[PDB]
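Participant: One file: structure.cif (mmCIF, N, CA, C and O atoms).
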```cif
data_coords
loop_
_atom_site.label_atom_id
_atom_site.label_comp_id
_atom_site.auth_asym_id
_atom_site.auth_seq_id
_atom_site.Cartn_x
_atom_site.Cartn_y
_atom_site.Cartn_z
N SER A 1 0.83 -1.20 0.00
CA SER A 1 0.00 0.00 0.00
C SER A 1 0.87 1.26 0.00
O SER A 1 0.71 2.13 -0.85
N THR A 2 1.78 1.33 0.96
CA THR A 2 2.67 2.48 1.07
C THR A 2 1.89 3.79 1.07
O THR A 2 0.66 3.79 1.14
N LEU A 3 2.61 4.91 0.99
CA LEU A 3 1.98 6.22 0.97
C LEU A 3 2.17 6.91 -0.37
O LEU A 3 3.13 6.64 -1.10
N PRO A 4 1.24 7.81 -0.72
CA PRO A 4 1.29 8.56 -1.98
C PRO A 4 2.43 9.57 -2.01
O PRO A 4 3.24 9.64 -1.08
N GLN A 5 2.50 10.35 -3.09
CA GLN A 5 3.54 11.36 -3.24
C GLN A 5 3.43 12.42 -2.15
O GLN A 5 4.43 12.79 -1.52
N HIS A 6 2.22 12.91 -1.93
CA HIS A 6 1.98 13.93 -0.91
C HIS A 6 1.09 13.39 0.20
O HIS A 6 -0.14 13.43 0.11
N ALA A 7 1.72 12.88 1.26
CA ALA A 7 0.98 12.33 2.40
C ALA A 7 0.99 13.30 3.57
O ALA A 7 1.59 14.38 3.50
N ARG A 8 0.32 12.92 4.65
CA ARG A 8 0.25 13.76 5.85
C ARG A 8 1.63 14.26 6.24
O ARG A 8 1.89 15.46 6.23
N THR A 9 2.51 13.33 6.60
CA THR A 9 3.87 13.68 7.00
C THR A 9 4.79 12.47 6.93
O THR A 9 5.34 12.01 7.93
N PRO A 10 4.98 11.94 5.71
CA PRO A 10 5.84 10.78 5.47
C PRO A 10 7.32 11.10 5.66
O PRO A 10 8.04 10.37 6.34
N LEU A 11 7.76 12.20 5.06
CA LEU A 11 9.15 12.62 5.16
C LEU A 11 9.60 12.66 6.62
O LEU A 11 10.43 11.85 7.05
N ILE A 12 9.05 13.60 7.38
CA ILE A 12 9.40 13.74 8.79
C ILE A 12 9.22 12.42 9.53
O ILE A 12 10.07 12.02 10.32
N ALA A 13 8.10 11.75 9.27
CA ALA A 13 7.81 10.47 9.91
C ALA A 13 9.00 9.52 9.82
O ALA A 13 9.57 9.11 10.83
N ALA A 14 9.39 9.18 8.59
CA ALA A 14 10.51 8.29 8.36
C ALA A 14 11.74 8.75 9.14
O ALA A 14 12.47 7.93 9.70
N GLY A 15 11.97 10.06 9.16
CA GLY A 15 13.11 10.60 9.86
C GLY A 15 13.14 10.20 11.32
O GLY A 15 14.12 9.62 11.80
N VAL A 16 12.06 10.50 12.04
CA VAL A 16 11.96 10.17 13.45
C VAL A 16 12.00 8.66 13.67
O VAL A 16 12.61 8.17 14.62
N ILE A 17 11.36 7.92 12.77
CA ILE A 17 11.32 6.47 12.86
C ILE A 17 12.72 5.88 12.75
O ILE A 17 13.11 5.03 13.56
N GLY A 18 13.47 6.33 11.75
CA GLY A 18 14.82 5.83 11.56
C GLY A 18 15.70 6.05 12.78
O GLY A 18 16.35 5.12 13.26
N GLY A 19 15.72 7.28 13.28
CA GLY A 19 16.53 7.59 14.44
C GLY A 19 16.20 6.71 15.63
O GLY A 19 17.10 6.26 16.35
N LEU A 20 14.92 6.45 15.84
CA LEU A 20 14.47 5.62 16.95
C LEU A 20 14.86 4.16 16.73
O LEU A 20 15.62 3.59 17.51
N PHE A 21 14.34 3.57 15.66
CA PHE A 21 14.64 2.18 15.33
C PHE A 21 16.14 1.94 15.32
O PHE A 21 16.64 1.03 15.99
N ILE A 22 16.86 2.74 14.55
CA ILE A 22 18.31 2.61 14.45
C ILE A 22 18.96 2.64 15.82
O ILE A 22 19.86 1.86 16.12
N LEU A 23 18.50 3.56 16.67
CA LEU A 23 19.03 3.70 18.02
C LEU A 23 18.70 2.47 18.86
O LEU A 23 19.50 2.05 19.70
N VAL A 24 17.52 1.91 18.64
CA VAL A 24 17.09 0.73 19.37
C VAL A 24 18.06 -0.43 19.18
O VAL A 24 18.46 -1.08 20.15
N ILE A 25 18.43 -0.68 17.93
CA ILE A 25 19.36 -1.76 17.61
C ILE A 25 20.73 -1.50 18.22
O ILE A 25 21.25 -2.32 18.97
N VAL A 26 21.31 -0.36 17.88
CA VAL A 26 22.63 0.01 18.39
C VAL A 26 22.66 -0.03 19.92
O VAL A 26 23.51 -0.69 20.51
N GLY A 27 21.72 0.67 20.54
CA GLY A 27 21.65 0.70 21.99
C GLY A 27 21.65 -0.69 22.60
O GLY A 27 22.50 -1.02 23.42
N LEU A 28 20.68 -1.51 22.19
CA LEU A 28 20.57 -2.87 22.69
C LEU A 28 21.84 -3.67 22.42
O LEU A 28 22.33 -4.39 23.28
N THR A 29 22.37 -3.52 21.20
CA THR A 29 23.58 -4.23 20.81
C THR A 29 24.70 -4.01 21.83
O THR A 29 25.47 -4.92 22.13
N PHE A 30 24.78 -2.79 22.36
CA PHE A 30 25.80 -2.45 23.34
C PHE A 30 25.52 -3.14 24.68
O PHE A 30 26.39 -3.80 25.24
N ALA A 31 24.30 -2.97 25.17
CA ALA A 31 23.90 -3.57 26.44
C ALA A 31 23.99 -5.09 26.38
O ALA A 31 24.23 -5.75 27.39
N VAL A 32 23.81 -5.64 25.18
CA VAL A 32 23.87 -7.09 24.99
C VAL A 32 25.32 -7.56 24.87
O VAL A 32 25.71 -8.56 25.49
N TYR A 33 26.11 -6.84 24.08
CA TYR A 33 27.51 -7.19 23.88
C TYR A 33 28.25 -7.27 25.21
O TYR A 33 29.06 -8.17 25.44
N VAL A 34 27.96 -6.31 26.09
CA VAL A 34 28.60 -6.27 27.41
C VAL A 34 28.17 -7.46 28.26
O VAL A 34 29.00 -8.09 28.91
N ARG A 35 26.87 -7.75 28.26
CA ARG A 35 26.34 -8.86 29.04
C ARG A 35 27.10 -10.14 28.75
O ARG A 35 27.38 -10.93 29.65
N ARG A 36 27.44 -10.35 27.48
CA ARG A 36 28.17 -11.55 27.07
C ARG A 36 29.44 -11.72 27.91
O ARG A 36 29.95 -12.83 28.05
N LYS A 37 29.94 -10.62 28.45
CA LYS A 37 31.14 -10.65 29.28
C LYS A 37 30.80 -10.96 30.73
O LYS A 37 31.40 -11.84 31.34
N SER A 38 29.82 -10.24 31.27
CA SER A 38 29.40 -10.44 32.66
C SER A 38 30.61 -10.52 33.59
O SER A 38 31.03 -11.60 33.99
N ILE A 39 31.16 -9.36 33.93
CA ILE A 39 32.31 -9.29 34.81
C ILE A 39 32.09 -8.29 35.94
O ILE A 39 32.65 -7.19 35.93
N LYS A 40 31.27 -8.67 36.91
CA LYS A 40 30.97 -7.81 38.04
C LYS A 40 30.44 -6.46 37.58
O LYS A 40 30.92 -5.41 38.01
N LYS A 41 29.45 -6.49 36.69
CA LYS A 41 28.85 -5.27 36.17
C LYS A 41 27.83 -4.69 37.15
O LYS A 41 27.51 -5.32 38.17
N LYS A 42 27.33 -3.50 36.85
CA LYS A 42 26.35 -2.84 37.71
C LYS A 42 24.96 -3.44 37.49
O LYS A 42 24.32 -3.20 36.47
N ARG A 43 24.50 -4.21 38.47
CA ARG A 43 23.18 -4.84 38.39
C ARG A 43 22.53 -4.92 39.77
O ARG A 43 23.16 -5.35 40.74
N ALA A 44 21.28 -4.50 39.86
CA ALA A 44 20.54 -4.52 41.12
C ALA A 44 19.95 -5.90 41.38
O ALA A 44 20.67 -6.90 41.44
N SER B 1 8.11 -2.04 -1.52
CA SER B 1 8.40 -0.64 -1.21
C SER B 1 7.82 0.27 -2.29
O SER B 1 7.08 1.21 -1.99
N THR B 2 8.17 0.00 -3.54
CA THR B 2 7.69 0.80 -4.66
C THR B 2 7.94 2.28 -4.42
O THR B 2 8.62 2.66 -3.47
N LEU B 3 7.39 3.12 -5.30
CA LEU B 3 7.56 4.56 -5.18
C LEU B 3 6.22 5.28 -5.33
O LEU B 3 5.25 4.73 -5.87
N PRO B 4 6.16 6.53 -4.86
CA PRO B 4 4.94 7.35 -4.93
C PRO B 4 4.61 7.77 -6.36
O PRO B 4 5.15 7.22 -7.32
N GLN B 5 3.73 8.75 -6.49
CA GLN B 5 3.33 9.25 -7.80
C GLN B 5 4.50 9.89 -8.52
O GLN B 5 5.00 9.37 -9.53
N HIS B 6 4.95 11.03 -8.01
CA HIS B 6 6.07 11.75 -8.60
C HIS B 6 7.09 12.16 -7.53
O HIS B 6 7.06 13.28 -7.03
N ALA B 7 7.98 11.23 -7.19
CA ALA B 7 9.00 11.49 -6.19
C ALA B 7 10.18 10.53 -6.34
O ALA B 7 9.99 9.34 -6.61
N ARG B 8 11.39 11.05 -6.16
CA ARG B 8 12.59 10.23 -6.28
C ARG B 8 12.68 9.23 -5.13
O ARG B 8 12.38 8.04 -5.31
N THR B 9 13.09 9.70 -3.96
CA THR B 9 13.22 8.84 -2.79
C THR B 9 13.32 9.67 -1.51
O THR B 9 14.30 9.59 -0.77
N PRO B 10 12.29 10.48 -1.25
CA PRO B 10 12.24 11.34 -0.06
C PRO B 10 12.05 10.54 1.22
O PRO B 10 12.78 10.73 2.19
N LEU B 11 11.07 9.64 1.22
CA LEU B 11 10.80 8.81 2.38
C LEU B 11 12.06 8.09 2.85
O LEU B 11 12.59 8.37 3.92
N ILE B 12 12.53 7.15 2.04
CA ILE B 12 13.73 6.39 2.37
C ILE B 12 14.88 7.31 2.75
O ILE B 12 15.57 7.09 3.74
N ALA B 13 15.08 8.36 1.96
CA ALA B 13 16.14 9.32 2.21
C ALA B 13 16.13 9.77 3.67
O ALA B 13 17.10 9.55 4.41
N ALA B 14 15.04 10.41 4.08
CA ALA B 14 14.91 10.89 5.45
C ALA B 14 15.23 9.79 6.45
O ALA B 14 15.85 10.04 7.49
N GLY B 15 14.80 8.57 6.14
CA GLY B 15 15.06 7.45 7.03
C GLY B 15 16.54 7.24 7.29
O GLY B 15 16.97 7.23 8.44
N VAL B 16 17.31 7.07 6.22
CA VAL B 16 18.74 6.86 6.34
C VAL B 16 19.43 8.07 6.97
O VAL B 16 20.37 7.93 7.75
N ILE B 17 18.95 9.25 6.61
CA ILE B 17 19.52 10.49 7.14
C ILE B 17 19.33 10.58 8.65
O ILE B 17 20.28 10.87 9.39
N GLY B 18 18.11 10.32 9.11
CA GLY B 18 17.83 10.37 10.54
C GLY B 18 18.71 9.43 11.34
O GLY B 18 19.35 9.85 12.30
N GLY B 19 18.74 8.17 10.93
CA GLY B 19 19.55 7.19 11.63
C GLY B 19 21.01 7.59 11.71
O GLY B 19 21.67 7.41 12.74
N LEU B 20 21.53 8.14 10.61
CA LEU B 20 22.92 8.57 10.55
C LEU B 20 23.16 9.78 11.45
O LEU B 20 23.94 9.72 12.39
N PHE B 21 22.47 10.87 11.15
CA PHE B 21 22.60 12.10 11.92
C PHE B 21 22.41 11.82 13.41
O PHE B 21 23.24 12.20 14.23
N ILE B 22 21.31 11.16 13.75
CA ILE B 22 21.01 10.84 15.14
C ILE B 22 22.17 10.10 15.79
O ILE B 22 22.57 10.41 16.92
N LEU B 23 22.72 9.12 15.08
CA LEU B 23 23.84 8.34 15.59
C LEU B 23 25.09 9.21 15.74
O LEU B 23 25.88 9.01 16.66
N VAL B 24 25.25 10.16 14.83
CA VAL B 24 26.40 11.06 14.87
C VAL B 24 26.45 11.84 16.18
O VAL B 24 27.50 11.93 16.81
N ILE B 25 25.31 12.38 16.59
CA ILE B 25 25.23 13.14 17.83
C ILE B 25 25.48 12.25 19.04
O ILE B 25 26.37 12.51 19.84
N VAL B 26 24.68 11.19 19.16
CA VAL B 26 24.82 10.26 20.27
C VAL B 26 26.24 9.72 20.37
O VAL B 26 26.88 9.80 21.42
N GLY B 27 26.74 9.18 19.26
CA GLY B 27 28.09 8.64 19.24
C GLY B 27 29.12 9.63 19.75
O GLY B 27 29.85 9.34 20.69
N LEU B 28 29.17 10.80 19.13
CA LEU B 28 30.12 11.83 19.52
C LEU B 28 29.92 12.22 20.98
O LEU B 28 30.89 12.38 21.73
N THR B 29 28.66 12.38 21.38
CA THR B 29 28.34 12.75 22.75
C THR B 29 29.03 11.83 23.75
O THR B 29 29.48 12.26 24.81
N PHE B 30 29.09 10.54 23.41
CA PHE B 30 29.72 9.55 24.28
C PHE B 30 31.24 9.74 24.31
O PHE B 30 31.84 9.82 25.37
N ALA B 31 31.84 9.81 23.12
CA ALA B 31 33.29 10.00 23.01
C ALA B 31 33.72 11.31 23.64
O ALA B 31 34.85 11.44 24.13
N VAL B 32 32.83 12.30 23.63
CA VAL B 32 33.12 13.61 24.20
C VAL B 32 32.93 13.60 25.71
O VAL B 32 33.77 14.12 26.45
N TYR B 33 31.83 13.01 26.16
CA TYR B 33 31.53 12.94 27.59
C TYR B 33 32.68 12.28 28.35
O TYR B 33 33.06 12.73 29.43
N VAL B 34 33.22 11.21 27.78
CA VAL B 34 34.32 10.48 28.41
C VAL B 34 35.58 11.34 28.46
O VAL B 34 36.25 11.40 29.49
N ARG B 35 35.89 11.99 27.35
CA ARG B 35 37.07 12.84 27.27
C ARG B 35 37.10 13.84 28.42
O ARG B 35 38.16 14.11 28.99
N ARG B 36 35.94 14.39 28.75
CA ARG B 36 35.83 15.36 29.83
C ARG B 36 36.45 14.82 31.11
O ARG B 36 36.88 15.59 31.98
N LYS B 37 36.51 13.50 31.22
CA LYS B 37 37.09 12.86 32.40
C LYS B 37 38.60 12.72 32.26
O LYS B 37 39.35 13.10 33.16
N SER B 38 39.04 12.19 31.12
CA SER B 38 40.47 12.01 30.87
C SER B 38 41.16 11.38 32.08
O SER B 38 41.79 12.08 32.87
N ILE B 39 41.04 10.07 32.21
CA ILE B 39 41.65 9.35 33.32
C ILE B 39 42.18 7.99 32.87
O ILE B 39 41.56 6.96 33.14
N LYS B 40 43.31 8.00 32.18
CA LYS B 40 43.92 6.76 31.70
C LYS B 40 42.96 5.99 30.81
O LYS B 40 42.75 4.79 31.00
N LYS B 41 42.37 6.69 29.84
CA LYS B 41 41.43 6.06 28.92
C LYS B 41 42.17 5.33 27.80
O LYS B 41 43.39 5.42 27.68
N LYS B 42 41.41 4.61 26.98
CA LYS B 42 41.99 3.86 25.87
C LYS B 42 42.30 4.78 24.69
O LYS B 42 41.40 5.23 23.99
N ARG B 43 43.59 5.05 24.49
CA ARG B 43 44.02 5.92 23.40
C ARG B 43 45.36 5.47 22.84
O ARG B 43 46.30 5.21 23.58
N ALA B 44 45.44 5.36 21.51
CA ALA B 44 46.67 4.94 20.85
C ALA B 44 47.63 6.11 20.67
O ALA B 44 48.01 6.73 21.66
#
```
Let me see the structure of the file written as structure tokens.
Facilitator:
Amino acid sequence: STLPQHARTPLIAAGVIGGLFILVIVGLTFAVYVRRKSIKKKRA
Amino acid sequence: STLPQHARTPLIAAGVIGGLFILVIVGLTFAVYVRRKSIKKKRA
């Protein structure tokens, strides 16, 4: 279906979406990569 | 994915741009925040 040439706010939308999604992967990747080590890290 | 009526690649464009730009700030912010400390950090 996708969106037409002139939609509500596709341009801006994609922008915010990318930054979030992209950050989600990178962020988690870091928190996960470290866990693989587990060396007296900060955990409650 | 396909394309809209009359548009090159605005949607996708903004997407890649956001993820990159957003990462640029966050990434640098980290490398900068640490530098402010300067305490036997990892540097070649």
Participant: Could you give me, as a tab-separated table, a per-residue list for chain B showing, wherever an atom lies at most 7 Å from an atom of chain A, the closest pair of atoms and their distance in Å to one decimal, using all atoms listed in the file and sorting by chain then residue number from low to high?
Facilitator:
```
residue	atom	partner	partner_atom	distance
B:1	O	A:2	CA	5.5
B:3	C	A:3	O	5.4
B:4	CA	A:5	N	4.3
B:5	N	A:5	N	4.0
B:6	N	A:5	CA	5.0
B:7	N	A:5	CA	5.9
B:10	O	A:11	CA	5.1
B:11	O	A:14	CA	4.9
B:12	N	A:14	CA	6.7
B:13	O	A:15	CA	6.8
B:14	O	A:15	CA	3.7
B:15	CA	A:14	O	3.8
B:16	N	A:18	CA	6.0
B:17	C	A:15	O	6.2
B:18	CA	A:15	O	4.0
B:19	N	A:19	N	3.9
B:20	N	A:19	CA	6.3
B:22	CA	A:19	CA	5.6
B:23	N	A:19	CA	6.4
```
Participant: What would you get as an mmCIF file with N, CA, C and O atoms, in the coordinates of the input if chain B were moved onto chain A by least squares over all of its C-alpha atoms in order?
Facilitator:
```
data_model
loop_
_atom_site.group_PDB
_atom_site.id
_atom_site.type_symbol
_atom_site.label_atom_id
_atom_site.label_comp_id
_atom_site.auth_asym_id
_atom_site.auth_seq_id
_atom_site.Cartn_x
_atom_site.Cartn_y
_atom_site.Cartn_z
ATOM 1 N N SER B 1 6.641 20.653 5.097
ATOM 2 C CA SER B 1 6.678 19.205 4.892
ATOM 3 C C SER B 1 5.596 18.785 3.900
ATOM 4 O O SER B 1 5.880 18.108 2.909
ATOM 5 N N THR B 2 4.359 19.173 4.176
ATOM 6 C CA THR B 2 3.237 18.829 3.311
ATOM 7 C C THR B 2 3.201 17.335 3.032
ATOM 8 O O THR B 2 3.943 16.563 3.633
ATOM 9 N N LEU B 3 2.319 16.929 2.116
ATOM 10 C CA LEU B 3 2.187 15.523 1.764
ATOM 11 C C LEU B 3 2.176 15.342 0.246
ATOM 12 O O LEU B 3 1.911 16.284 -0.513
ATOM 13 N N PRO B 4 2.455 14.116 -0.209
ATOM 14 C CA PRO B 4 2.485 13.786 -1.643
ATOM 15 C C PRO B 4 1.092 13.804 -2.267
ATOM 16 O O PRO B 4 0.144 14.326 -1.679
ATOM 17 N N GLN B 5 0.978 13.225 -3.451
ATOM 18 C CA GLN B 5 -0.298 13.169 -4.155
ATOM 19 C C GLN B 5 -1.307 12.337 -3.390
ATOM 20 O O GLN B 5 -2.301 12.855 -2.857
ATOM 21 N N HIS B 6 -1.065 11.033 -3.329
ATOM 22 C CA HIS B 6 -1.951 10.116 -2.624
ATOM 23 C C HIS B 6 -1.159 9.177 -1.706
ATOM 24 O O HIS B 6 -0.837 8.055 -2.082
ATOM 25 N N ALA B 7 -0.850 9.664 -0.506
ATOM 26 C CA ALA B 7 -0.103 8.877 0.459
ATOM 27 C C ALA B 7 -0.318 9.394 1.881
ATOM 28 O O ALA B 7 -0.366 10.608 2.107
ATOM 29 N N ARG B 8 -0.442 8.473 2.832
ATOM 30 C CA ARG B 8 -0.652 8.849 4.225
ATOM 31 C C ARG B 8 0.600 9.502 4.806
ATOM 32 O O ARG B 8 0.659 10.734 4.940
ATOM 33 N N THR B 9 1.591 8.692 5.150
ATOM 34 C CA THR B 9 2.834 9.198 5.719
ATOM 35 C C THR B 9 3.934 8.138 5.659
ATOM 36 O O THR B 9 4.487 7.731 6.680
ATOM 37 N N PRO B 10 4.252 7.686 4.443
ATOM 38 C CA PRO B 10 5.287 6.667 4.223
ATOM 39 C C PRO B 10 6.686 7.203 4.487
ATOM 40 O O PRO B 10 7.468 6.584 5.205
ATOM 41 N N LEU B 11 7.001 8.359 3.908
ATOM 42 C CA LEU B 11 8.302 8.974 4.095
ATOM 43 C C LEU B 11 8.639 9.117 5.576
ATOM 44 O O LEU B 11 9.540 8.461 6.089
ATOM 45 N N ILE B 12 7.908 9.990 6.258
ATOM 46 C CA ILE B 12 8.125 10.218 7.681
ATOM 47 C C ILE B 12 8.147 8.908 8.454
ATOM 48 O O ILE B 12 9.016 8.675 9.287
ATOM 49 N N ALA B 13 7.184 8.038 8.166
ATOM 50 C CA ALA B 13 7.089 6.749 8.826
ATOM 51 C C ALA B 13 8.442 6.038 8.823
ATOM 52 O O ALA B 13 9.018 5.763 9.886
ATOM 53 N N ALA B 14 8.941 5.731 7.631
ATOM 54 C CA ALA B 14 10.224 5.052 7.496
ATOM 55 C C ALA B 14 11.303 5.750 8.308
ATOM 56 O O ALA B 14 12.163 5.098 8.911
ATOM 57 N N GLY B 15 11.265 7.079 8.317
ATOM 58 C CA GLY B 15 12.251 7.839 9.068
ATOM 59 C C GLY B 15 12.267 7.482 10.543
ATOM 60 O O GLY B 15 13.307 7.110 11.078
ATOM 61 N N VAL B 16 11.113 7.600 11.192
ATOM 62 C CA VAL B 16 11.001 7.289 12.604
ATOM 63 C C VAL B 16 11.305 5.815 12.875
ATOM 64 O O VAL B 16 11.913 5.468 13.886
ATOM 65 N N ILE B 17 10.864 4.965 11.961
ATOM 66 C CA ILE B 17 11.088 3.525 12.099
ATOM 67 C C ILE B 17 12.576 3.196 12.067
ATOM 68 O O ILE B 17 13.079 2.458 12.926
ATOM 69 N N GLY B 18 13.284 3.749 11.087
ATOM 70 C CA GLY B 18 14.717 3.503 10.976
ATOM 71 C C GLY B 18 15.477 3.908 12.225
ATOM 72 O O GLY B 18 16.230 3.109 12.775
ATOM 73 N N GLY B 19 15.263 5.140 12.662
ATOM 74 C CA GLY B 19 15.944 5.625 13.849
ATOM 75 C C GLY B 19 15.696 4.752 15.062
ATOM 76 O O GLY B 19 16.604 4.484 15.858
ATOM 77 N N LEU B 20 14.450 4.298 15.215
ATOM 78 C CA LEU B 20 14.074 3.448 16.337
ATOM 79 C C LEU B 20 14.722 2.070 16.224
ATOM 80 O O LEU B 20 15.502 1.671 17.076
ATOM 81 N N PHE B 21 14.391 1.362 15.155
ATOM 82 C CA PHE B 21 14.930 0.029 14.918
ATOM 83 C C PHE B 21 16.454 0.043 15.017
ATOM 84 O O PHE B 21 17.043 -0.753 15.742
ATOM 85 N N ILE B 22 17.084 0.949 14.280
ATOM 86 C CA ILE B 22 18.538 1.058 14.281
ATOM 87 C C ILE B 22 19.070 1.216 15.698
ATOM 88 O O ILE B 22 20.049 0.564 16.086
ATOM 89 N N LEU B 23 18.428 2.078 16.479
ATOM 90 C CA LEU B 23 18.838 2.315 17.857
ATOM 91 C C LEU B 23 18.625 1.065 18.714
ATOM 92 O O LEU B 23 19.406 0.794 19.624
ATOM 93 N N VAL B 24 17.569 0.325 18.411
ATOM 94 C CA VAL B 24 17.262 -0.897 19.152
ATOM 95 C C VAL B 24 18.408 -1.900 19.067
ATOM 96 O O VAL B 24 18.816 -2.465 20.078
ATOM 97 N N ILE B 25 18.932 -2.098 17.865
ATOM 98 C CA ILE B 25 20.037 -3.025 17.659
ATOM 99 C C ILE B 25 21.302 -2.540 18.354
ATOM 100 O O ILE B 25 21.878 -3.242 19.176
ATOM 101 N N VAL B 26 21.724 -1.322 18.014
ATOM 102 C CA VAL B 26 22.917 -0.742 18.611
ATOM 103 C C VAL B 26 22.838 -0.742 20.131
ATOM 104 O O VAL B 26 23.730 -1.247 20.816
ATOM 105 N N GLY B 27 21.750 -0.185 20.660
ATOM 106 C CA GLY B 27 21.567 -0.138 22.102
ATOM 107 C C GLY B 27 21.726 -1.498 22.754
ATOM 108 O O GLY B 27 22.550 -1.670 23.643
ATOM 109 N N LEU B 28 20.937 -2.463 22.303
ATOM 110 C CA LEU B 28 20.988 -3.809 22.852
ATOM 111 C C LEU B 28 22.384 -4.401 22.695
ATOM 112 O O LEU B 28 22.912 -5.027 23.621
ATOM 113 N N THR B 29 22.978 -4.207 21.519
ATOM 114 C CA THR B 29 24.311 -4.722 21.248
ATOM 115 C C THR B 29 25.296 -4.313 22.337
ATOM 116 O O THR B 29 26.180 -5.078 22.720
ATOM 117 N N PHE B 30 25.150 -3.078 22.822
ATOM 118 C CA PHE B 30 26.030 -2.558 23.865
ATOM 119 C C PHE B 30 25.754 -3.249 25.204
ATOM 120 O O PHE B 30 26.663 -3.741 25.853
ATOM 121 N N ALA B 31 24.478 -3.269 25.595
ATOM 122 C CA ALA B 31 24.079 -3.908 26.853
ATOM 123 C C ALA B 31 24.415 -5.386 26.848
ATOM 124 O O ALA B 31 24.666 -5.985 27.903
ATOM 125 N N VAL B 32 24.418 -5.995 25.665
ATOM 126 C CA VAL B 32 24.721 -7.414 25.523
ATOM 127 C C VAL B 32 26.224 -7.652 25.527
ATOM 128 O O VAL B 32 26.712 -8.564 26.201
ATOM 129 N N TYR B 33 26.951 -6.833 24.777
ATOM 130 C CA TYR B 33 28.405 -6.962 24.692
ATOM 131 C C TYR B 33 29.034 -6.898 26.083
ATOM 132 O O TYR B 33 29.947 -7.661 26.397
ATOM 133 N N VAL B 34 28.544 -5.978 26.905
ATOM 134 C CA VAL B 34 29.067 -5.805 28.260
ATOM 135 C C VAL B 34 28.756 -7.029 29.118
ATOM 136 O O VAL B 34 29.626 -7.521 29.835
ATOM 137 N N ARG B 35 27.523 -7.502 29.039
ATOM 138 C CA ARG B 35 27.102 -8.663 29.812
ATOM 139 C C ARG B 35 28.063 -9.829 29.610
ATOM 140 O O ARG B 35 28.384 -10.550 30.558
ATOM 141 N N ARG B 36 28.512 -10.013 28.376
ATOM 142 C CA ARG B 36 29.435 -11.090 28.048
ATOM 143 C C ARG B 36 30.647 -11.065 28.966
ATOM 144 O O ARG B 36 31.298 -12.096 29.185
ATOM 145 N N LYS B 37 30.943 -9.894 29.514
ATOM 146 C CA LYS B 37 32.080 -9.743 30.420
ATOM 147 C C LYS B 37 31.691 -10.092 31.851
ATOM 148 O O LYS B 37 32.372 -10.878 32.511
ATOM 149 N N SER B 38 30.583 -9.518 32.317
ATOM 150 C CA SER B 38 30.108 -9.781 33.675
ATOM 151 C C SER B 38 31.253 -9.682 34.683
ATOM 152 O O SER B 38 31.800 -10.700 35.103
ATOM 153 N N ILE B 39 31.599 -8.464 35.063
ATOM 154 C CA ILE B 39 32.676 -8.235 36.018
ATOM 155 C C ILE B 39 32.347 -7.070 36.949
ATOM 156 O O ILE B 39 32.878 -5.971 36.782
ATOM 157 N N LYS B 40 31.470 -7.317 37.910
ATOM 158 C CA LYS B 40 31.080 -6.283 38.868
ATOM 159 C C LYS B 40 30.506 -5.070 38.157
ATOM 160 O O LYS B 40 30.910 -3.935 38.421
ATOM 161 N N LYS B 41 29.565 -5.316 37.245
ATOM 162 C CA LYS B 41 28.937 -4.232 36.497
ATOM 163 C C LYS B 41 27.825 -3.579 37.316
ATOM 164 O O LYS B 41 27.473 -4.046 38.397
ATOM 165 N N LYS B 42 27.275 -2.493 36.780
ATOM 166 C CA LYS B 42 26.204 -1.770 37.459
ATOM 167 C C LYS B 42 24.862 -2.477 37.274
ATOM 168 O O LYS B 42 24.278 -2.445 36.197
ATOM 169 N N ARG B 43 24.393 -3.117 38.345
ATOM 170 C CA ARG B 43 23.124 -3.837 38.300
ATOM 171 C C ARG B 43 22.404 -3.757 39.636
ATOM 172 O O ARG B 43 22.992 -3.986 40.686
ATOM 173 N N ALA B 44 21.114 -3.410 39.596
ATOM 174 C CA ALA B 44 20.312 -3.300 40.808
ATOM 175 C C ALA B 44 19.786 -4.661 41.249
ATOM 176 O O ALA B 44 20.585 -5.562 41.491
#
```
Participant: Could you check how far atom CA of residue B:32 sits from atom N of residue A:37, in Å to one decimal?
Facilitator: 24.8 Å
Participant: Enumerate as a PyMOL selection string all residues of chain B assigned to alpha helix (DSSP H) by DSSP on the backbone, naming them with the chain letters and numbers the document uses.
Facilitator: chain B and resi 10-35
Participant: Please indicate the distance in Å from atom O of residue B:36 to atom C of residue A:36, rounded to one decimal place.
Facilitator: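 Straight-line distance from atom O of residue B:36 to atom C of residue A:36 works out to 28.6 Å.
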Participant: Could you state the separation of atom O of residue A:40 and atom CA of residue B:24 in Å, given to one decimal place?
Facilitator: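 Answer for the atom O of residue A:40 to atom CA of residue B:24 separation: 28.8 Å.
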Participant: Would you output stretch 38-44 of chain B from that structure, restricted to N, CA and C atoms, as a compact mmCIF listing (two decimals), in the first residue's frame?
Facilitator:
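result.txt, freshly written:
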```
# COMPACT_ATOMS: atom_id res chain seq x y z
N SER B 38 39.04 12.19 31.12
CA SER B 38 40.47 12.01 30.87
C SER B 38 41.16 11.38 32.08
N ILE B 39 41.04 10.07 32.21
CA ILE B 39 41.65 9.35 33.32
C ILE B 39 42.18 7.99 32.87
N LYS B 40 43.31 8.00 32.18
CA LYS B 40 43.92 6.76 31.70
C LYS B 40 42.96 5.99 30.81
N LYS B 41 42.37 6.69 29.84
CA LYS B 41 41.43 6.06 28.92
C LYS B 41 42.17 5.33 27.80
N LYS B 42 41.41 4.61 26.98
CA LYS B 42 41.99 3.86 25.87
C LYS B 42 42.30 4.78 24.69
N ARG B 43 43.59 5.05 24.49
CA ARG B 43 44.02 5.92 23.40
C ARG B 43 45.36 5.47 22.84
N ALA B 44 45.44 5.36 21.51
CA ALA B 44 46.67 4.94 20.85
C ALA B 44 47.63 6.11 20.67
```
